[PDB]
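Novice: Dumping the structure here so I can ask a few things about it.
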Amino acid sequence: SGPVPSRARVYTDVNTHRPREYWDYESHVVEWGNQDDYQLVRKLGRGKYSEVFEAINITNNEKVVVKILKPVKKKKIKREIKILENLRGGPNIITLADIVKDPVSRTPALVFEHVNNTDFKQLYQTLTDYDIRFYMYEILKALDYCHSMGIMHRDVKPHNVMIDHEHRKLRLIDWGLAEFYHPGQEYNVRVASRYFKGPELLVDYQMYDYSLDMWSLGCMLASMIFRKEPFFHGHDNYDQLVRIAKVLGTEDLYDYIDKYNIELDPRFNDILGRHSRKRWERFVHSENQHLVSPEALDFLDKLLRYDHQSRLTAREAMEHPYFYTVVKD
Ligand SMILES: Cc1ccc(N/C=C2\C(=O)CCc3c2oc2c(Cl)c(Cl)c(O)cc32)cc1
């Protein structure tokens with residue numbers, strides 16, 4: 001009969017109550033700036049869909065970041081632009097400051113506020129228990145905001161969380177995979193980085209929602225408090241689900257696919273095995289025990305669940321006792 005449908009348990013119908021133009025990004029008209037306002041300083045990184053540069057606004061000597069988009073699809077470029085404009089001003093959302101036409105690539109170049117980011121490989125080795133809770137709360141503010149605005153990020157990972165640790169500033173970046181949530185819509189499962197893909201993606205269940213980001217966030221939390229980055233270190237997309245199953249167990253995985261009438265890829269028949277769920281104390285050792293608390297493990301347990309409908313929402317996560325000790329603004 002096919003898979004059972006699913007829908008978000010929060011912010012379900014936010015987009016159908018909005019003007020069509022809010023989410024119909026294919027009809028958006030880009031307002032262009034002057035590309036010669038910015039001088040490229042150095043390349044910061046390259047990805048599948050863009051190259052990113054540190055730059056200077058030569059009109060005021062202000063440092064910015066320029067993201068030159070690769071030619072991809074008028075849809076995906078307009079999608080990222082529309083989402084960045086819809087979310088601009090939200091808590092810990094990276095601010096899109098300008099859009100110009102790059103003369104070399106002949107594609108849009110997005111100009112962002114500059115964040116003096118600490119490399120996450122280096123930064124995660126120094127985070128205290130309080131820092132992890134503090135920055136997790138800051139990420140949750142960004143996630144609840146974009147979810148409340150009908151948008152899922154779909155690429156939550158350490159690389160996409162810029163942190164100025166000297167000034168304790170955090171920004172959620174790279175909205176190139178973000179998408180508007182429409183109930184009943186089937187989405188491409190080829191999103192997120194492998195280590196942060198939710199089980200819904202790994203079992204090819206397309207009717208997912210905001211809760212995908214909360215799984216990715218749980219993967220980040222596990223890597224931080226246990227000091228193992230990434231936590232689920234699969235060699236490919238299939239081994240990725242096996243890695244998750246060796247921790248969460250196979251019985252809850254089969255209950256998950258049974259509930260949604262999902263059929264597993266038969267390739268898993270010879271590699272999945274039979275695994276009990278593990279208690280989190282197995283991953284606690286003398287080198288990370290100062291980052292682990294009963295509150296942290298309860299919170300992690302409520303994020304890392306196979307059933308996307310059972311995971312904490314971002315708002316619910318901010319209510320968790322794990323954050324009782326964090327001073328809020
Ligand atoms: C490989 C690859 C693909 C896509 C992306 N997209 C990056 C960014 C944005 O989408 C938001 C702005 C922003 C981006 O990267 C930044 C970095 Cl690295 C620093 Cl340091 C910063 O201050 C700001 C940003 C980056 C890298």
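Chain identifiers are assigned as A, B, and so on, following the order in which chains appear in the structure tokens; residues are numbered from 1 within each chain, and ligands are numbered from 1 in order of appearance.
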Could you please extract the residues within 7 Å of ligand 1, counting only C-alpha atoms and all ligand atoms, and hand them back as a PyMOL selection string?

Specialist: chain A and resi 44-52+65+67+94+112-117+162+173-176

Novice: Enumerate as a count of residues only all residues of segment 140-298 of chain A assigned to alpha helix (DSSP H) by DSSP on the backbone, naming them with the chain letters and numbers the document uses.

Specialist: 56

Novice: Can you tell me how far atom CA of residue 123 of chain A sits from atom CA of residue 302 of chain A, in Å to one decimal?

Specialist: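 About the pair atom CA of residue 123 of chain A and atom CA of residue 302 of chain A: they are 25.5 Å apart.
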
Novice: Interatomic distance between atom CA of residue 279 of chain A and atom CA of residue 247 of chain A?

Specialist: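 Atom CA of residue 279 of chain A sits 8.3 Å away from atom CA of residue 247 of chain A.
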
Novice: For residue 73 of chain A, work out the shell of residues within 12 Å, counting only C-alpha atoms and skipping chain neighbours fewer than 2 positions away, then give it as a list in words.

Specialist: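 So the residues in contact are residues 26, 49, 69, 70, 71, 75, 76, 77, 78, 79, 80, 107, 108 and 176 of chain A.
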
Novice: Output N, CA, C and O atoms for every residue in the selection just made, as a tab-separated table (two decimals), in the first residue's frame.

Specialist:
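Now in result-v4.tsv:
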```
chain	number	residue	atom	x	y	z
A	26	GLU	N	10.08	30.52	-6.40
A	26	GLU	CA	10.38	30.55	-7.83
A	26	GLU	C	9.97	31.86	-8.49
A	26	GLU	O	10.48	32.19	-9.57
A	49	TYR	N	28.46	23.42	-3.76
A	49	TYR	CA	27.54	24.41	-4.32
A	49	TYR	C	28.02	25.85	-4.24
A	49	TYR	O	27.31	26.74	-4.73
A	69	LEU	N	27.87	31.55	-5.43
A	69	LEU	CA	27.12	30.33	-5.71
A	69	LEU	C	27.56	29.71	-7.03
A	69	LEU	O	27.77	30.41	-8.03
A	70	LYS	N	27.69	28.39	-7.04
A	70	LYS	CA	27.92	27.68	-8.28
A	70	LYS	C	26.63	27.63	-9.09
A	70	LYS	O	25.53	27.61	-8.52
A	71	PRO	N	26.73	27.64	-10.42
A	71	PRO	CA	25.52	27.45	-11.24
A	71	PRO	C	24.86	26.12	-10.90
A	71	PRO	O	25.51	25.08	-10.92
A	75	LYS	N	15.90	27.67	-9.18
A	75	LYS	CA	15.10	27.35	-8.00
A	75	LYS	C	15.95	27.39	-6.73
A	75	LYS	O	15.64	28.12	-5.78
A	76	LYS	N	17.03	26.60	-6.70
A	76	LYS	CA	17.79	26.45	-5.47
A	76	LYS	C	18.45	27.76	-5.05
A	76	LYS	O	18.56	28.06	-3.86
A	77	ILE	N	18.91	28.55	-6.03
A	77	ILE	CA	19.49	29.85	-5.71
A	77	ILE	C	18.43	30.78	-5.14
A	77	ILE	O	18.63	31.41	-4.09
A	78	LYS	N	17.28	30.89	-5.82
A	78	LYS	CA	16.19	31.70	-5.30
A	78	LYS	C	15.67	31.17	-3.98
A	78	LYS	O	15.24	31.95	-3.12
A	79	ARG	N	15.69	29.85	-3.79
A	79	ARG	CA	15.22	29.27	-2.53
A	79	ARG	C	16.06	29.74	-1.36
A	79	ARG	O	15.53	30.20	-0.34
A	80	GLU	N	17.39	29.65	-1.49
A	80	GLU	CA	18.27	30.08	-0.41
A	80	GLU	C	18.14	31.58	-0.16
A	80	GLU	O	18.16	32.04	0.99
A	107	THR	N	27.14	34.35	-11.55
A	107	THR	CA	26.12	33.83	-10.65
A	107	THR	C	25.95	34.78	-9.48
A	107	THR	O	26.80	35.65	-9.26
A	108	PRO	N	24.87	34.67	-8.71
A	108	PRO	CA	24.72	35.53	-7.54
A	108	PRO	C	25.80	35.26	-6.50
A	108	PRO	O	26.21	34.11	-6.29
A	176	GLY	N	21.74	26.73	2.15
A	176	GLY	CA	21.61	26.27	0.77
A	176	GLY	C	20.77	25.03	0.59
A	176	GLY	O	20.29	24.77	-0.52
```

Novice: So, with only C-alpha atoms as the atoms that count, which of A:93, A:64, A:84, A:264 lies closest to residue 140 of chain A?

Specialist: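 Between A:93, A:64, A:84, A:264, the residue approaching residue 140 of chain A most closely is A:93.
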
Novice: So that I can see what lies close to residue 33 of chain A, please list as a PyMOL selection string the residues with an atom at most 10 Å from it, counting only C-alpha atoms and leaving out residues fewer than 3 positions away in the same chain.

Specialist: chain A and resi 30+36-37+97-101+109+111

Novice: Hey, can you spit out that residue selection with C-alpha atoms as a PDB file, in the first residue's frame?

Specialist:
```pdb
ATOM      1  CA  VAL A  30      16.296  39.509  -6.604  1.00  0.00           C
ATOM      2  CA  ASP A  36      32.507  46.432  -6.893  1.00  0.00           C
ATOM      3  CA  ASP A  37      31.534  47.475  -3.347  1.00  0.00           C
ATOM      4  CA  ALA A  97      23.584  41.957   3.937  1.00  0.00           C
ATOM      5  CA  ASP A  98      23.721  42.180   0.134  1.00  0.00           C
ATOM      6  CA  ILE A  99      23.341  40.250  -3.115  1.00  0.00           C
ATOM      7  CA  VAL A 100      25.496  41.029  -6.149  1.00  0.00           C
ATOM      8  CA  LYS A 101      26.240  39.479  -9.530  1.00  0.00           C
ATOM      9  CA  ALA A 109      27.196  36.238  -4.742  1.00  0.00           C
ATOM     10  CA  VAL A 111      27.276  38.979   1.173  1.00  0.00           C
TER      11      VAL A 111
END
```

Novice: Taking the DSSP secondary structure from the backbone, can you list the residues of segment 53-89 of chain A that are strand (DSSP E or B), as a VMD selection string?

Specialist: chain A and resid 53 to 57 62 to 69

Novice: Find the residues near residue 15 of chain A: any atom within 8 Å, counting only C-alpha atoms, skip ones fewer than 3 places away on the same chain, and give them as a tab-separated table (two decimals) with N, CA, C and O atoms, in the first residue's frame.

Specialist:
```
chain	number	residue	atom	x	y	z
A	18	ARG	N	0.08	31.79	4.96
A	18	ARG	CA	0.84	32.96	4.56
A	18	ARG	C	0.56	33.32	3.12
A	18	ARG	O	0.05	32.50	2.35
A	22	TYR	N	5.39	34.24	0.11
A	22	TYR	CA	6.32	33.91	1.18
A	22	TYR	C	7.10	32.64	0.86
A	22	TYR	O	8.32	32.58	1.07
A	23	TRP	N	6.42	31.61	0.36
A	23	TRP	CA	7.04	30.32	0.12
A	23	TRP	C	7.22	29.98	-1.36
A	23	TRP	O	8.00	29.07	-1.67
A	149	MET	N	8.93	29.74	11.36
A	149	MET	CA	8.73	30.43	10.10
A	149	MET	C	8.52	29.46	8.94
A	149	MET	O	8.62	29.88	7.78
A	150	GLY	N	8.25	28.19	9.22
A	150	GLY	CA	7.95	27.22	8.18
A	150	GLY	C	9.12	26.70	7.39
A	150	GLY	O	8.94	26.24	6.27
A	180	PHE	N	11.11	25.00	2.57
A	180	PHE	CA	9.84	25.29	3.21
A	180	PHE	C	9.10	23.99	3.51
A	180	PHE	O	9.03	23.10	2.66
A	181	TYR	N	8.53	23.90	4.71
A	181	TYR	CA	7.78	22.71	5.09
A	181	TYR	C	6.32	22.86	4.67
A	181	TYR	O	5.63	23.80	5.09
A	182	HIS	N	5.86	21.94	3.84
A	182	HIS	CA	4.46	21.84	3.46
A	182	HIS	C	3.95	20.46	3.84
A	182	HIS	O	4.56	19.45	3.45
```

Novice: At a cut-off of 10 Å, using only C-alpha atoms, what residues contact segment 200-205 of chain A? Leave out same-chain residues fewer than 4 positions from it and give the result as a count of residues only.

Specialist: 34
